[PDB]
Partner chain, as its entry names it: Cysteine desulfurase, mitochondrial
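One chain is shown next in structure tokens, namely the form solved without its partner chain.
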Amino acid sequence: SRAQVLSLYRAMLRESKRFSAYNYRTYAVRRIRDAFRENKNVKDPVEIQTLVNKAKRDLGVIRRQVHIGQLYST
């Protein structure tokens, strides 16, 4: 649903800001924006659920990468 997509969009952009390197913050933001926008006008509901599940999963990937980056920090 619309609300779920926008909540995940915001959450992923929030996590992206937590990367310490400027280049990787911009990389994550660009990837998130293009990935959500390129599906804006998808209509097939099951295809929407599939894409929502990908966002849910990649939000986990982003959070784990943030944590690992913190462990390699100084």
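Numbering follows the first chain given and starts at 1.
Although not depicted, the form solved in complex with its partner chain is the subject of the following passage.
In the deposited bound form, at least one heavy atom of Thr26 sits within 4.5 Å of its partner chain.
With a 4.5 Å cutoff on heavy atoms, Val61 counts as touching its partner chain in the deposited bound form. In the deposited bound form, its partner chain sits within 4.5 Å of a heavy atom of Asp34. Although the partner is absent here, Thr50 is not a contact residue: none of its heavy atoms lies within 4.5 angstroms of its partner chain in the deposited bound form.
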